[PDB]
Structures are given as structure tokens and as C-alpha cells.
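Peer 1: Need the 3D shape of this:
(chains A, B, C, D, E, F, G and H, ligands or ions: 24)
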Amino acid sequence: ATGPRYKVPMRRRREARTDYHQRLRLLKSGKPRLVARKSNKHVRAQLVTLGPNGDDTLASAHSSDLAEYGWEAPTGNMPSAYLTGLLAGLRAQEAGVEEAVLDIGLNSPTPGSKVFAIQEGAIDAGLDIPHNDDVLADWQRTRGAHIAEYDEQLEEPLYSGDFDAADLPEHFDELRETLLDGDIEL
Amino acid sequence: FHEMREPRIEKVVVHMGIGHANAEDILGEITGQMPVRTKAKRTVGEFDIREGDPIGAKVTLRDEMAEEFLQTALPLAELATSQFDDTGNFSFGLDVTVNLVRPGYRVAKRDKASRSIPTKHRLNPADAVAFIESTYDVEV
Amino acid sequence: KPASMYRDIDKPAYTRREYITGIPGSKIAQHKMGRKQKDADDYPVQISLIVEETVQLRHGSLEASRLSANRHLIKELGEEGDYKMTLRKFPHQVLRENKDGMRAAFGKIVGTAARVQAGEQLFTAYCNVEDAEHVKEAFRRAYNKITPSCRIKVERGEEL
Amino acid sequence: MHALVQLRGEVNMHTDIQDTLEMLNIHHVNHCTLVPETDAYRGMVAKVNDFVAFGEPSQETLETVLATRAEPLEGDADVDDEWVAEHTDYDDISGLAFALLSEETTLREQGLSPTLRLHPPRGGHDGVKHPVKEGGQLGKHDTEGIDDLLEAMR
Amino acid sequence: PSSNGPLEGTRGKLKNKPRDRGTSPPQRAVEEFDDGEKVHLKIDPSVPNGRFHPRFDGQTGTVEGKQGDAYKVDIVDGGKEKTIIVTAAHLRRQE
RNA sequence: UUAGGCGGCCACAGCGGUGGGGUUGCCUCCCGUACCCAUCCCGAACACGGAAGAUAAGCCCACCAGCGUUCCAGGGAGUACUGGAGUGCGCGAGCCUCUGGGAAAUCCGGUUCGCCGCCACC
RNA sequence: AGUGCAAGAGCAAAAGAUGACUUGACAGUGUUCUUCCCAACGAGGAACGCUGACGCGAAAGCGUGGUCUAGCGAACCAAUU
RNA sequence: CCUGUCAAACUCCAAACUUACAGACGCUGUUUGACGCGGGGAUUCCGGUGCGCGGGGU
Ligand SMILES: [Cl-]
Ligand SMILES: [Cl-]
Ligand SMILES: [Mg+2]
Ligand SMILES: [Mg+2]
Ligand SMILES: [Mg+2]
Ligand SMILES: [Mg+2]
Ligand SMILES: [Mg+2]
Ligand SMILES: [Mg+2]
Ligand SMILES: [Mg+2]
Ligand SMILES: [Mg+2]
Ligand code: NA
Ligand code: NA
Ligand code: NA
Ligand code: NA
Ligand code: NA
Ligand SMILES: [Sr+2]
Ligand SMILES: [Sr+2]
Ligand SMILES: [Sr+2]
Ligand SMILES: [Sr+2]
Ligand SMILES: [Sr+2]
Ligand SMILES: [Sr+2]
Ligand SMILES: [Sr+2]
Ligand SMILES: [Sr+2]
Ligand SMILES: [Sr+2]
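Peer 2: Numbering: from 1, shown residues only, chains lettered A, B, ... in the order given. Ligands and ions are numbered 1, 2, ... in the order given. Have a look at this structure:
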């Protein structure tokens, strides 16, 4: 900017999207990366392999396409996060992937958060990712019980668009069950 | 447009810089929340050698806690022209500072792909005065 | 001391004051002479003194020659005449002298010289056509007080 | 295709230069070689610039020289058309001299020594202290000037 | 020299050019190399570890295996052969 | 890529500016604290739940060259400096001829307001 | 800016600062280079591994001291396990 | 703004040139065995001059 001596950051550091310190420490494993990234209305999970010109994505899963198998609920919560992670892991197994490491980017490693919930799903899917069980949320909160009891304090329905009043953490079980299913067009 | 541009009280800091404290309590009362210590840096010849040590205590009032506090705090002070910062901020007086800003300030306060607010979307001293004056008081 | 001792450029550039100390003050009074307010472009005639051989000129020889050059101009054009002379060189080169035979031979600082490649302008005066003769004489005195042979080249003004 | 001719001795001559000369199959003053004009072969002669005399010869001249100063890989036998004919892929000296210039083959390939051991220039050379442009006999020559040397060194 | 440590006369080669300051890209610091491959030796002033003795910059060795994640690179100092322990961070493929 | 995620090179990408863009799609700003989690004080941030409103921010698109930068042309300049040679010149410091290389500042006109890979998606 | 001290060099979602937890300044055996360019030479030094045990972190991973290059010493004798 | 100068321990720049590896050409080795490896015997560790680049010193 100023002159010849000025030092301009790597593009992805200006944009503040990649923490290269945590990135290098991540690549050292030699294993692929289970990229867990959020969004306000969504949650995604990619599988990254190192490449000559840039990272290669061999498997992914967006919370949006989590509907193609029967999903009427929202797409930015705990149940959605676990499921999206489970989906990608299943597609991941398909390509040949058998192990990966958790990449959460700039998201905080907060106990029982959505990213660990995403991690849990891909592991449940058959993948081998170094984890720490107790840092994960409990099964009920993953299912969506924390939100079901929130809707208990009704007086005003939680969901705008029709789904149902008290909601259904069963829809979670119904979909999870559908993924473990041998058939299902991945 | 006017909607995603109409300013608001982001935070209201109220602190009492001492130099050696016990005064914390008065704020915890008038504000309605908990205060926090205030350290320091560099050795000072006015018996202030201990670098990290309790000198004052501030309180960051946001949302309602701030407004309800301003209903009384504002009248207690005569506002002036020169009392305004270029980014539409003012301090008066015990001290009271109001940090004002336009709707999407989370863009510069978040962790993921944060960005600095463009000079255009940056609040103006004049545009700030008008906003405040538009709420039970005068100006210069 | 004789200029034979320092007239040639045979040592490395020794100018880094952040390492050198006891450096003697410059005998040179001033580089800006004449009417240091009027521009060089405000004058029809511009004459410089060109050094024909690359050398090192000590501040005492720099001052001496410049003095006897400007003394003439002041004498012939009056103390406030319509001219302005210059000396574009500053003595950056530090000099020493080992003053015990060759043991611990590094000399102590004795003065400052000014390096000048051949064909360079040691001086450059600015005057009007009528005074263009006292300038050519001021330089004829100036070149006698320095080591190399010099040339008086006229930069502007073919008036003759 | 140029013709290298050592005119300056080995004594005091920088080692890396005499080695290049040796690589160019020349180990004695007045010895000569026929070198192609390639990126590589060029770098060498340029390094040999000050201790040699070179240029491109006229075919006529190259034929008179091959006639006189050329020899087999091993032997005292004189190379003449009749000799050329029986050993080379040619019919006479001219045919040979032609191929060398057009850079179609080499002296070795045709069972001939790479060195044309010449005789001291008749009437002396123009000097070994200055280049050709300065009135000396070193460096690069003219297709006429090179012939003048070579022929004097029959 | 006035001292004979490893960093003697290493101001130039071991310094970063202004615009190259700060942390370096991980892509090369994790690069994979094969045995028999030719690699250029040059330290990355930004990377503190996995360095070889400064004196060996500009070399072009042949990878012959690894030690941990770091590499064992053969080179020929003058006439003497040496095996150098270095990380990919200071290595570049020939050609 | 009518706004996405991961990158490579790491300013050709910087600095600054102009203009354009989003009904059930996206990213956002946005809305809100029962929970996971959270602040030496603030649901600000982090974390969680959610769509009433908006495209002003950001972001994506198109464009500007004033600064910085990359490269190109002519100018400077085959100048400065230089590897090889010389019974070439100079009292000398030094210079010159041939040979093979060859800048820098700066001026002038251009170029640059990133290019590329993987996956995803009307 | 700071980073214990010469100088030179390295570092900004850190190598700097604050906070907490921790004591890896751990046990054991090596590879390579350095000391000693090339080119033989000891003590010392460093980078890079392996095995055991540990600290931390969600995990990758980081920790064989203080960001790197100075702070070091033979046999004999003595004391200690 | 304009104007005048510098740097062995300065550098936005930057050669010639030296240098690692590789290929090509050259030269060289496969009865003259190169390259390399092992062993025996040394001498030697007062150097000097020219040229280029030097550092100190009139
Ligand atoms: Cl994210
Ligand atoms: Cl090494
Ligand atoms: Mg023979
Ligand atoms: Mg005769
Ligand atoms: Mg003669
Ligand atoms: Mg140097
Ligand atoms: Mg707009
Ligand atoms: Mg002479
Ligand atoms: Mg004893
Ligand atoms: Mg003891
Ligand atoms: Na405290
Ligand atoms: Na870097
Ligand atoms: Na906008
Ligand atoms: Na040792
Ligand atoms: Na000796
Ligand atoms: Sr000298
Ligand atoms: Sr004596
Ligand atoms: Sr004179
Ligand atoms: Sr809020
Ligand atoms: Sr003489
Ligand atoms: Sr003399
Ligand atoms: Sr050219
Ligand atoms: Sr270290
Ligand atoms: Sr050298």
C-alpha cells in the first residue's frame, strides 16, 4: 500500500477466512480435512485432500440438500448439524476416505457446539477422526431436545412456517435412520 | 434504506479513574450490573510503580441497561459541539461515554471474515447530534 | 600536512559517523554564496569550475580556494552584487594519520576530505553577461588552491 | 565452420584456456582445427579469442591445406584425392572440403587426425600482441584474411 | 572471520526481502518428495526449524529417505559426500 | 458461483473511489436468550434458537488509475560497471583498443483495480 | 513495540501481551551436520528420529528449556547414586 | 514545496561473475582400467614475483 517495503498479507488472511497457523498444524497429520463450516440458515461439511493447485474436495454435504431424503425442518441447528456431518461421512466412505481430522476454521471449540456435533456425525458414519467424546454434546441435545423443550414455553409458536407446534426430534431419528439405510441415493 | 441506516446506542461506558477502587459500588447501583477493575502500564513517579494494579473500574452498558441509564445520565450534563468525535462518539464529565453506530456494526466486531466499516457508512458528528437531539434534549 | 598524503582515492569510503569519532569540524564557512534568494534561472550566464582529475579535496583546501574565489567576486561586484556562487560538494570522507612503528597502525582522525570524480563541478556561479569576467577570474584563482587541473566551462550564455 | 589456429604459446597462458584449446584438439603453436559454429563450440573459441587466429576459409584454400597439412588418424601417408577416395565417403579433396564447410561430417569421422599441423607463416604474421582490427593477427578474421594466414602456413 | 559460529557471514542469505516478511505458506512446508528426487536447498528465513547448516544453501541434492517428517538429502561438499537433515520448508523441486 | 465452502500463487491481489445487485433460493446485516457455551462487566464478542424487516453494510458484479505494485515499448544507454587480451597512452592516481557481457536513477507512452484449482448451487 | 544481555537475523488471529493450567529444563538410545568449508582431529553445540514416561489441547499438534547464532573443559584425583 | 551533497559496518534497485545439479557438444576411460577403494614410502608446514581485486600505512 505505502511503498515497496510495505508487507501485504496473503489474500486469505486479509479476508480473514483462513488461520494459517492452525492450517499448517492441521496438514502435518497427512490425513484429509473434515471441514466444518456454518452459516446463519445453514451448515456444511466438506472432505479436503491436499492438491498441487489447491485443496481438493472429495465429499461434502450441505444442510440444504439434507431435504432430498425427507426433511421439512430448519437447516441451521444441532440435529441438522449432526445429520449433515453424517451424510458427508457416508459419501466420504464411498470415495475411499477412511480417516480425517477436524477443521473448524475460525469457529470456536466450544463444548457441545454445532461443529463437534458435525464431527460426531461423520464419525458415526464410519470415518476415523481423532476426537474427545466428552467435548461433544449429549445425545438428546444432538437430537433436538433442547429446542423441543423451548417450544414447550409456547404462547407463541417457535416455527413461523408450518411444520408443527411442539416440533419433532423424531424427524431427526426418522432421517438418521434413513441414512444408515443401505439403499439411499447418496 | 433509512431503516438499515438509522443509528443506535451500541454501548455506554461509565468509569471512575482513581489511581489507587472502593468507589466501584456506586456504579453497580446506578447502572444495574457488575463493574470491572482497571490496571495500567509504565512506571509513574506519582507513586504508581506497580504496573498491573487496580486504578479504576468501568461498566459497559449495552441495549436497555444503557438507555434506562441515559434517561437520567443525559440531563445531568450540558452537551456541546466540540464534545463530538469524528466517528459520532461523545464523552462528558466520573465519566460517561456513548458509542453510537449504524445497524450493521457486527461486520467489524465478529471473528469470521470481519471487515472495517467504509467511511460512507461511518456515523458523522453532525448526523450523530441530530439523532441524539431527536430524543429529549438540545445541542451546542 | 601535504595534500600528497590524501589527494588520491586509495582507501575505502570511510564516512559512517556512527562508528567514527573525534571527527574535526569543517573549516568551510558556507556553500551558499551571493544572493541566496534569487534563482539560478534568473541569470543569463552560468559558469562552473570543472575538475579534470578524480581527487579528494580537504576542507581546508576547499575553504581556501572557495574563499579566494568569493573574495574576488565580493571585491569586484561589491558585497551585495548581482551574483550567486555555489560549492556542491561536502567533505564526507574522514581522514586519518598514524601518529610505535607499524604496530597498532590504525591512524586517529585528523580531518575530512571531499571526493570528486573527474569532470565534476566543484563550483557553479551565476551572473550577468557584464560580470561574466570577474567570475572567470574568481575561478582562475580558485583552481590554483586545489590539487587537480581545472576547466572553466560556460553552461549558459554565448554572449561574446 | 571456422578454422582455429594457435598463435600464442602455452607458457603463462591461463590454465582453463589451454584446456579448452586441448579440448579443441590443439596442443601446439601453429596447430589448427576445423570447428563448427554451434552455441557450445562458439563459447569455446571466444574463450580462446586472444591466443588464437580464426575465421571461415574459402573452399579453394581449405583444399590446398587439406592437400598439404592433413594426415590420417595414425600414419605418415599423404592425403590426396586418391587417398581420400579409398577411405572417406567422398571422391576427392574438394568433395571433402565441401562437406566440412557445410558441416556434414568431421575429420575424425573420416579417419583423419583432427589437427592440421601447419608451418610457420611465410613472411611472418601481422603480430601476436594486437587483434585484427588493430593491425594484429589475433582474434576473428576475414574470409580473405584467414586464407592469407592459412596459405602462408602451407 | 572474527568468530566461527554457524551464523557467520549469514546476514544476506538468511534474511527476508522486505515484501517477503512474516509467516510463510504451508503448502511447501508440507510438500511430499520421493527418494531419488532432486531438490534445491535454501533456508526460509521465516521458518526457524528444520534448517541445515547455512553453508549448504544453493545446493541441489538427491532425497534418499526421511527421518520423522524431515528428509535425508545427499549432497557433495567439494569432494566429500554428506547426508543432510532438512524439512520440506527449505526444499524445492528441480525443474 | 443472482451473492456459497476449501485453497494455490501470495499487492498484477495494496490504498482510494464510482455505479449495480437479492420474495418463499444464498451470504449477510438482521431477530432473540430456554437450552450447549459465553463475557476478571457487557447474548458486544463467542455460543445457541430463529426469519419480522433490509440489500444501507459486508459480500458478489461492473468500472475509475490519483498513490503503491507487476510487466512491456522507446529514451537514458551499450552509458556506469565488467570476465579475457594488449611492448596501447599517462610522471603518476589512472586511461584507452579489441573481445565477450551489461545495469541503476529517471523521462515518455502503455499494462495492473488479481489470475488459477477443487467441490457446491438456477 | 516486544521478545533477559553484543551484533546480525526471525515473529502479528505470533515467536509478542494478558489469563489459566503445567514443570518437556523428563528417562533411555541414536541419525546427520557442526566443531574441523573443502580434508583427518576431542570436549562442546545444533537439527532430525526411535523407545518409556509425562504436560497441555476438542483434536491435528506443540513441549528433548528461554525464537536463532556466545555462557564452555581431557586423564588423574575426590565426592555421590 | 524548492534547492546542494553522502555511506566498509545503508538498500526500492543491481550487474559482470562465482557457484549446486542435469542434459547436450567437446575431451577422456573400458589390452594405456579412467572414476573409485585399500595399503606402503615420502617430502612439506621460512617462500617469492608479476597481474587483478583487495585491508592497513605519507
Ligand atoms: Cl464457518
Ligand atoms: Cl546440515
Ligand atoms: Mg599421426
Ligand atoms: Mg624471414
Ligand atoms: Mg613482430
Ligand atoms: Mg555480503
Ligand atoms: Mg447501495
Ligand atoms: Mg608507462
Ligand atoms: Mg595430575
Ligand atoms: Mg558429591
Ligand atoms: Na483484578
Ligand atoms: Na513469507
Ligand atoms: Na448495501
Ligand atoms: Na561431538
Ligand atoms: Na608456511
Ligand atoms: Sr591503499
Ligand atoms: Sr623497536
Ligand atoms: Sr591546480
Ligand atoms: Sr442482538
Ligand atoms: Sr614511469
Ligand atoms: Sr608526482
Ligand atoms: Sr546483447
Ligand atoms: Sr527453539
Ligand atoms: Sr567470490
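Peer 1: starting at the chain centroid, how far to the helix with the most length in chain C?
Peer 2: Ranked by residue count, the top helix of chain C under DSSP state H comes out as helix C:59-77. How far helix C:59-77 lies from its chain's middle: 10 Å, per CA atoms, centre = their mean, to the nearest Å.
Peer 1: Stretch C:120-133 now?
Peer 2: 14 Å.
Peer 1: which residues of chain A fall in strands?
Peer 2: A:33-38, A:43-49, A:56-59, A:101-103 (DSSP state E).
Peer 1: near RNA strand H at all, the longest helix of chain C?
Peer 2: No: using CB under 7 Å from any atom of the strand, we find that helix C:59-77 stays clear of RNA strand H, coming within 11.0 Å at best. For the C-beta atoms, the positions are set from N, CA and C on the backbone; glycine is no exception.
Peer 1: same for that helix, what does it pack against?
Peer 2: Secondary-structure packing of helix C:59-77 (3 or more CB pairs under 8 Å, 6 or more residues apart in numbering or on different chains; DSSP states H and E): strand C:108-116, strand C:120-127, helix C:135-142.
Peer 1: Assess the claim that residue A:58 and residue A:51 are in contact.
Peer 2: No: with contact defined as CB atoms under 8 Å, residue A:58 does not count as touching residue A:51 (10.4 Å).
Peer 1: For residue C:14, give me its contacts.
Peer 2: Taking CB atoms under 8 Å, 6 or more residues apart in numbering or on different chains as the criterion, residue C:14 is in contact with C:20, C:93-96.
Peer 1: Put together TSV for the residues you listed, with distance to residue D:95, neighbour count and secondary structure on each row.
Peer 2: Output for the contacts of residue C:14, formatted as TSV (distance: CB to CB, whole Å; neighbours: other CB atoms under 10 Å in any protein chain shown; DSSP: H, G, I helix; E, B strand; the rest coil):
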residue	distance to residue D:95	neighbour count	secondary structure
C:20	77	12	coil
C:93	71	20	strand
C:94	76	22	strand
C:95	76	21	strand
C:96	76	16	strand
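Peer 1: can I get those residues in a markdown table with distance to residue E:60?
Peer 2: Formatted as a markdown table, the contacts of residue C:14 follow (distance: CB to CB, whole Å):
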| residue | distance to residue E:60 |
| --- | --- |
| C:20 | 44 |
| C:93 | 44 |
| C:94 | 45 |
| C:95 | 48 |
| C:96 | 47 |
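Peer 1: which one of those is nearest ligand 2?
Peer 2: Relative to ligand 2, the closest of these is residue C:20; by CB to the ion it sits at 39.4 Å.
Peer 1: how much space between the spatially closest residue to the closest one that is not a sequence neighbour and RNA strand F?
Peer 2: Distance criterion CB to CB, 6 or more residues apart in numbering or on different chains; nearest residue to residue C:20, sequence neighbours excluded, is residue C:94 at 5.2 Å. In this view, residue C:94 and RNA strand F are 18 Å apart by CB to the nearest atom of the strand, to the nearest Å.
Peer 1: Let me know the distance separating residue C:94 from RNA strand H.
Peer 2: In terms of CB to the nearest atom of the strand, residue C:94 sits 8 Å off from RNA strand H.
Peer 1: May I have the beta-bridge partners of that residue?
Peer 2: Taking DSSP bridges as the rule, residue C:94 bridges to residue C:112.
Peer 1: So which residues of chain E form helices?
Peer 2: Using DSSP H, helices in chain E cover E:26-29.
Peer 1: need the residues of it near ligand 12, please.
Peer 2: Residues of chain E lying close to ligand 12 (CB under 5 Å from the ion) are E:24, E:46.
Peer 1: Burial check on whichever residue of chain E sits closest to RNA strand H, number of neighbours?
Peer 2: As assessed by CB to the nearest atom of the strand, RNA strand H sits closest to residue E:60 within chain E, at 3.3 Å. A count of neighbours around residue E:60, defined by other CB atoms under 10 Å in any protein chain shown, yields 13.
Peer 1: which residues are contacting the longest helix along chain D?
Peer 2: Using DSSP H to define each element, chain D has its longest helix at helix D:59-69. Helix D:59-69 is contacted by residues D:3, D:32, D:34, D:57, D:79-80, D:93-94, D:96-98, D:100-101, D:116-119, D:146-147, D:150-151, D:154 when judged by CB under 8 Å, 6+ apart.
Peer 1: Now do the contacts for the residue of chain E closest to RNA strand H.
Peer 2: Contacts of residue E:60 by CB under 8 Å, 6+ apart are E:38-41, E:75, E:94.
Peer 1: go on, residue D:7?
Peer 2: So residue D:7 contacts D:29-30, D:51-53, D:125, D:128, D:137-138 (CB under 8 Å, 6+ apart).
Peer 1: mind redoing it with 7 Å?
Peer 2: With contact taken as CB atoms under 7 Å, 6 or more residues apart in numbering or on different chains, residue D:7 is in contact with D:29, D:51-53, D:125, D:128, D:137-138.
Peer 1: Looking at the residues you listed, state which has the most neighbours.
Peer 2: residue D:53 (29 neighbours).
Peer 1: I'd like the distance between the spatially most central residue of chain C and ligand 12.
Peer 2: The residue lying closest to the centre of chain C (CA atoms, centre = their mean) is residue C:62, at 4.2 Å. Using CB to the ion, to the nearest Å, residue C:62 is found at 49 Å from ligand 12.
Peer 1: Over to residue C:156?
Peer 2: Taking CB to the ion, one finds residue C:156 at 53 Å from ligand 12.
Peer 1: So what sits opposite that residue in the bridge?
Peer 2: When bridges are called by DSSP bridges, residue C:156 pairs up with residue C:46.
Peer 1: Surely it is in contact with residue C:48?
Peer 2: No: using CB atoms under 7 Å, residue C:156 makes no contact with residue C:48, being 10.4 Å away.
Peer 1: When the two are compared, which one has more neighbours?
Peer 2: residue C:48 (22 against 13).
Peer 1: For the more buried one, which three-state class applies?
Peer 2: strand (DSSP: H, G, I helix; E, B strand; the rest coil).
Peer 1: That one contacts residue C:120, doesn't it?
Peer 2: No: assessed by CB under 7 Å, residue C:48 is found out of contact with residue C:120, at 9.2 Å.
Peer 1: Skipping adjacent residues, who's closest to residue 127 in space?
Peer 2: Using chain A. Closest to residue A:127 by CB to CB, 6+ apart is residue A:89, at 4.7 Å.
Peer 1: To clarify, I was referring to chain C.
Peer 2: That would be residue C:83: by CB to CB, 6+ apart, it lies 4.5 Å from residue C:127.
Peer 1: and the residue of chain B most remote from its centre, how far is that from ligand 1?
Peer 2: Most distant from the centre of chain B: residue B:45, at 29.5 Å, with distances by CA atoms, centre = their mean. Distance from residue B:45 to ligand 1, counting by CB to the ion: 50 Å.
Peer 1: And for the closest residue to ligand 12 within chain C, the neighbour number?
Peer 2: For chain C, the residue closest to ligand 12 is residue C:18, as judged by CB to the ion, at 30.2 Å. For residue C:18, the neighbour count with other CB under 10 Å is 6.
Peer 1: re earlier: using JSON lines, lay out the contacts of residue D:7 together with secondary structure and distance to residue C:110.
Peer 2: Below are the contacts of residue D:7 laid out as JSON lines (DSSP: H, G, I helix; E, B strand; the rest coil; distance: CB to CB, whole Å):
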{"residue": "D:29", "secondary structure": "coil", "distance to residue C:110": "56"}
{"residue": "D:51", "secondary structure": "helix", "distance to residue C:110": "50"}
{"residue": "D:52", "secondary structure": "strand", "distance to residue C:110": "54"}
{"residue": "D:53", "secondary structure": "strand", "distance to residue C:110": "56"}
{"residue": "D:125", "secondary structure": "coil", "distance to residue C:110": "57"}
{"residue": "D:128", "secondary structure": "coil", "distance to residue C:110": "51"}
{"residue": "D:137", "secondary structure": "coil", "distance to residue C:110": "55"}
{"residue": "D:138", "secondary structure": "coil", "distance to residue C:110": "50"}
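Peer 1: Thanks again, I'm all set now.
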